[PDB]
Each structure stands twice: as structure tokens, then as C-alpha cells.
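Structure first, commentary second.
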Amino acid sequence: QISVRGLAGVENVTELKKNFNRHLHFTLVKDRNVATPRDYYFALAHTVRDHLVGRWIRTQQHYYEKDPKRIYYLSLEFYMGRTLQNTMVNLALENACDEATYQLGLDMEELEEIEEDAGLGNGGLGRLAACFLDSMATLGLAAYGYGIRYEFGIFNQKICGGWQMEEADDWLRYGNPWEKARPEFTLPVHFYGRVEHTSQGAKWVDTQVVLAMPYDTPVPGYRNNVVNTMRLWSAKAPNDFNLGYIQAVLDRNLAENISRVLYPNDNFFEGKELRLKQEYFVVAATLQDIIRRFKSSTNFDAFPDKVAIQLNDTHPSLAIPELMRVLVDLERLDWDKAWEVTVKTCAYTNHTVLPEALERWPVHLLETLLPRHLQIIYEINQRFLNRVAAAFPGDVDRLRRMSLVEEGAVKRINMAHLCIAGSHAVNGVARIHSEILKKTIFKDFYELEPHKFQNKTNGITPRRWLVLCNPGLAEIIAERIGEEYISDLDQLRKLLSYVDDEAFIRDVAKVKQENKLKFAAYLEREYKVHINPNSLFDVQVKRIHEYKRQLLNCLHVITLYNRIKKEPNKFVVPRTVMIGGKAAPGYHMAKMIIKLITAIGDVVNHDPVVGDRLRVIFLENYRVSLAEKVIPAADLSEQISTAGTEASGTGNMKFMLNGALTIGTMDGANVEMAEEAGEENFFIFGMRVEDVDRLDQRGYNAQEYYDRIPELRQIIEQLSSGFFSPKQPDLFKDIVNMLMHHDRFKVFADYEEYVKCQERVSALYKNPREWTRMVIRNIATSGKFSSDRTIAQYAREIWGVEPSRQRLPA
Ligand SMILES: OC[C@H]1O[C@@H](n2cc(-c3ccc4ccccc4c3)nn2)[C@H](O)[C@@H](O)[C@@H]1O
């Protein structure tokens, strides 16, 4: 059908068809007479999977012979989404499979919709890990993703009476064709127990044992025949566990609960024992696997030359004292040498500056669960603080500020401090974020060891986030500049010479309209809701949080509604406002925000005077597969976090690559995006970081804004009096109270500029030609935000390895 989707050769199509029929018969034990769409999906998945295995075995063989430095990316989250189409794209199989299935009388796009998302993450941090795995394979690095195979991923979100309801994400119900269980490589993990001191050092004894069973999933590079591995650990009880009889067998569930469920919190720390167990489980099993592989190449001096461990936030921070434990207690290395190895091996990436998101574990928890690790942490702390004292003599407050141990009612360990101490590199995820780290929360550490601190601006994979989800746009780009940009996104700059090209302008606008029509149809077919495809698609999709300010968006929506009600027969640019994302189950305010959005929709969508000029839709169950649908359809991307709160954002980059314009604050990666495209081509508004600081020093008074802005006053009065909740007039009292008396994120402070900026958006949208020309300038300068660039920087500046675009033999 289209160029970028590969060749459909006679030989390939014939071979695909027969292997599809083989799997249906032998693997699924079905015939065409009883087969369902689901059976057809699985036959296709198995057929494509077969094409991976040869490459997978030969890639891993290649690494064994060449013995390169290995990269271990440790994360508690891998937000993978669907795998079928991604695999076809990276193997150049999409058109061939499309043809093969067509000839069998099947629609492949229908089959693709059957696959469950692998939802083993919450949002941005989990998705970054997934994009990173794709780029590492594409860049030919010997890289392994290590995590937990959760039985239940992020919950499925249902909306009932405007409220979020959670249901279990039973993603393994029908099986996972992409994983391979590896029970032969099962490893033991220890918990509890006590420490004994002997003449021959410390020993950790009387422990409870949980088995870690690995499951391997292939990670194909883009058309380079490289297939890397994501290894996810599953918890298993040992066979003598608790071994009246029946109860002892039933009690095995206690051990196996470790890998049962993903903690559903975005940017928020919950200090529960089960979570700590998950963190150690992944770390202990992973490190044994690493050391085993290293020994199969005595001398640990070469360890940092052959191993890099990247910590995705502090969640796997126990890798630091666990590596020390192994080197000191088991390999019998002296402390100083073990520490040198550890530091040179580990690197740490921070993803937030919000105080409530920082991991601070109660000492009493670590004392019971991991008694030896606590001892090691204390020793790390003592030695680190002796270094601080020597560098800054007499500075007693610096000592208490920098300590890994926090004093108070309950003593806690600051895991971020642990990570900085035990890593050779610490990075933030966008330039402004990395600067904030050096200037504020890690200032003391930057003063002691400035060389450790780096920036690595985030990126997204252009495979999933352009070629896969937006083939129409990928194709029109390929028509002009070729296909090489797919693995070299900087080449999109060549599109600047097409900004006054009348054919290209028409094609860019055509692709967007097609995307909007397709998405408008999706909403009717699957959710029975009517939208106008000619309206401006105004979208804010991401996890619900106060810092992300979905509430500011809400205020604008109501402002637009109130202005229409005031002057009904005045022309306004029609908008479809779409807001989606999940709230953490215990996050009350976020659940209230969802209810507000739906409540506004209930008033706005049924007002006859409004017509089809304004629609407010809550996008249910936002997840990777839904992102792939809505992002290509968007006209306006809402990136409106209070300056200084969104470390980077990655959703922003997805919208930029797919032809939406951005309205946003100068926060996270928005700053670099505007810098790349030109500020004239971005809708920037609101306080900068410096303005927020000035407001904090003076004291933020929300009443001031309420008093001086009549349009804002009206909205607050509407919310208070029960305009949006007639049956329950006080339903939104918590929201109003928060806004008026304890708003950490200064919603009112940016309201006027936001509304003004939104008017400028509507003005430009009235001129289709100039809207599209600005879009082209955005797409053309989005190259920096490829995760290929990001990973190349980690490789060269942190891991000390060279990326390669060279093919492995097929
Ligand atoms: O770096 C990738 C993205 O990471 C996002 N993020 C951060 C987190 C996060 C931070 C701290 C946590 C602490 C405990 C549990 C979960 C956590 C998640 N989840 N997502 C950040 O919010 C976003 O700015 C960034 O683009």
C-alpha cells in the first residue's frame, strides 16, 4: 500500500500464509470453521514471532563472541503497549503481512486491536524505559532491560456516573505470545533474617527465600537484525515452603504476591513493605544474573569496563548496597575496592523534584526486611560524611543536610542521597530540570562533586510515535526526503525547504483531517459519542495530577462556555476539548478533577445554544494504545504544568512530531522544544520559574486574582453554588477551597495569560494555511527529541560505549 511499510514479495506473502495456517492448526488447535478474530490474531502473532527467533539467538551469540560492555537498565516499570505492529515495522514485514492476511480474507488492523497493552507502567517514567529499549537495540548496544513481570499492570479505568472506577488489568488471561519463560535460570532472593559476625566477616543468616523466575521478551532494533532482551522476574515460592498440609500449600501465595501487582502511583511515594520487597526482588535477582554473566566471559577491577547499571529513578537504588554486599561478603573484596567498582558501575537518573515523590524509607522497615543492607548503608553514610567534613570543615548544617540518614520522629533513609553517593553520574531529564537539581535540591552534592552532574534531555522513539501510529504523515515525508530520517530524525530539518510548497502544505493538512475523521469515527463506534471533525481538537492527555493543572484547562473551558452564553450569536472557532488520564486510586483530589471534567461536559454538551461549537469529552482508559490513536488526531497540545514542576514531559514531544501546535508554560522540555522551533512558532504563556520564586517569597494570595478578575469570580461562584452539580450543590467544595486557600500550583496566577494565549490560538486556526505552515516548522525541528539522540548521549557520556548503525547478518 505505502512505501515505508516495506515490500510485499511473492515469496514472502506465500510463506507467511502457510505459516499462519500452520499455527492456526498446530499451535491454536483450531480450523477456519471455528476460529474467532482472537484466534486469527494469535496465529499472526506466532507467525511474526518466528521471524524474531533466528535474529534473537544470533544477536545473543554475537554478544558472547565479541564480549562488549553490557548495559543494564533497571526499572520497576516498562510501559510497552502492543507488540505486533512494532515488530512488523522493525522487521520490514508490515506490507507483506497486510497482503498475506488480505488474501486469507482478514483485515489486519482489526486483528491488531485484539492485542492487550502490556501496561507494566504508570506513565512517563515507564514509557521512557520502553522508548529507551527500542533506541538501544536500534543503536546496536548490548543492552538488557530488567524489571518485574506484574500479573496485573496499571488498572483499567471505567467511568461510572462521572466517577473513576478501577478494575484489574488481567493482561495475561489469554496468554502472552511474546514472552519466553526461562524456569531453568531461576534464582533465589533472600528476605528478613539476621546478621552474624565471624572471624571471616559478616554473614546474613536465617533468611526466608523467594525464587525469581525470568521471562524473556525480544526487543528488535529498526531493520538492523539486532534483537535485545527484556528480562522480567516473576516471584515463586520454594517447594519446601511452609513445609497443616493444605494451609502450607495455600500460603505459597504470600511469597508470590511480590510480583502480583504494579503500584498505581504517578509521581508519588507510598512507603509500603510490599513495594520495598518488589524493589529488592528486582535488584537481587538482576545483580546475580549480571555477575553470573560477567564470570562467564576473579578480577573485579574489570567489572566497570564490562558492566554499566542505569538506575531508573531511585526505585532500584538498593543495587548500590546489594553490589557492595556481594563484593564484600561473598567475593571477599576489601571495602575501598568494592566501593570503587560500585561507583564506576552505577549511574542514576532523577525524574522529579516534588518532595512527596522522593523515596524516604523508614529505618525500622529496612531493619526487619534487609538487616545487612542497613548496616552497609550506615557505613556508606559514615564514609561519605567524613568526605564532606574534610571538604567543608566546620559546616555542621551541611553534614545533616547531606546525610543519607534523616533524623526525626521516625528515622528514614533518603534513597536519592544514597544514589548520588554511589554513582559516577547523576542526570536530569531536560536542561531546565538538570539546572534546578544543581541549584536547589542537590545543591550541596553539586558543590562536593560537580563532575557527577549531567543533563540528558528525554526523547521518544520515532518508530512507535510516527511510523507506527501515523503512517500517512510518515509517507508524505518519505516522498520528499526518503526513508533515512526514521533512524536519523535530524533529517526532518530538510522539510523547512517545503514550508512554502503548496502541495506539501495541502498534504500535511490532508493527513491531519484524515486522522481526525478516523478518530471521530472511533469515538462513535466504541463509545457512541458525537463530535465535529471540523472543530479544533484541543487535547490534554497524561496522568491526572495537581501539578499538571488539568484544572487550569477546566477554567478555560468554562470561560469559553460563559462567553458563548453571554453572546450566543457571535462567531467562535469551534473546539472539541478532550481530556484524559488515570488518577491514582487513593488520590482524592485527582478523582474530584475527573468528576469536574465530566460534570462540565454534562452541562456544555447538552446546551442547545452552544450547538456544536464547544464539546468537552473525557477520554476513558488513557493508555499507550489510545495515545497512538489520539495524538495523530490532535491540533493543539496542552502542556501547562506550573513552571519548575514537570521534569521533562514526553507527551509534548509526541504531539510535536505528529503535527499539533503546543500551548505551554516554559517548563521541562517545552523550553528546548520552543528553542528548536522558534518561540514565534510556539504558544508560550505564564510565569517562568523565576516568577514562581518571586511569588513564593511574597506569598501566593489567590483571593487577589478572584477580586480583580470578574470572569474568574463568575466561575468560582458557579462551582460553589452548584451550577455544575444541581443535585449536590456542594459537590466541588474541596476543589474551590483548595484553589482559594491552599493551591501549591498557582492555577489563578496563570489564568489571565492562559486565556489570552488561547485567543491567539483560535485566531491562527481561522487561517488554515498559516496554521499548517507553523505545523511544518514544528515537525521539521522535532529531530532533537528522538530517543536515538538521547541514548547516543548516555552511551558516550555515561556508559562509555559507541553506538553502531551497522547491520547484523540476517
Ligand atoms: O523522565 C520521564 C518522565 O518521568 C515522569 N515521571 C516521574 C515519575 C515518578 C517519579 C517518582 C516516583 C516515586 C515513587 C513512585 C513512582 C514515581 C514515579 N513518573 N513519571 C516525569 O513526571 C516527566 O516529567 C518525565 O518526562
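For this chain, numbers begin at 1 and follow the sequence in order.
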Partner of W339 under side-chain contact (heavy atoms from CB on, under 4.5 Å), picked from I320, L327, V328, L333, is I320
### Query
Under 4.5 Å between any side-chain heavy atoms of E628 and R623, yes or no?
no
Notebook entry, point to check: Given side chains that start at C-beta, do those of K236 and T186 come closer than 4.5 Å, heavy atoms only?
Noted result: no
*Do other residues, nucleotides or ligands put more than 12 heavy atoms under 6.0 Å from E11 CD?*
no
Original post:
Taking everything shown except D334 itself, do over 12 heavy atoms lie less than 6.0 Å from its CG?
Top reply: yes
Restricting to side-chain contact (heavy atoms from CB on, under 4.5 Å), what partner residues turn up for [X], sequence neighbours left out?
X: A308; value: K69, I71, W799
X: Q208; value: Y192
X: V205; value: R194, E196, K203
X: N86; value: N90, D134, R464, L468

With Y144 as partner, the option from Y73, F132, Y72 fulfilling ring-ring contact (aromatic ring centres under 6.0 Å, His included) is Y72
| said: If we ignore hydrogens and angles and just use 3.5 Å, is the side chain of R127 paired with the main-chain N or O of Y79 as donor and acceptor? | reply: yes
*asked:* Can a donor-acceptor pair be found, under 3.5 Å and without considering hydrogens, that links the side chain of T229 to the backbone of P218?
replied: no
Residues pairing under salt bridge (charged side-chain N to carboxylate O under 4.0 Å, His left out) where one sits in residues 207-226, two or more places apart or in two chains, turn out to be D216-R231, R223-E483
Residues pairing under salt bridge (charged side-chain N to carboxylate O under 4.0 Å, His left out) where one sits in residues 337-348, two or more places apart or in two chains, turn out to be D301-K337, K337-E340
Here the gap from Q310 atom CD to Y794 atom OH, rounded to the nearest 0.5 Å, amounts to 5.5 Å
Close aromatic pair by centroid cut-off 6.0 Å: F303 and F294 | yes
* Asked: Do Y280 and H373 make the cut of ring centroids closer than 6.0 angstrom?
  -> yes
Polar side chain donor-acceptor pair, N12 to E15, under 3.5 angstrom: no
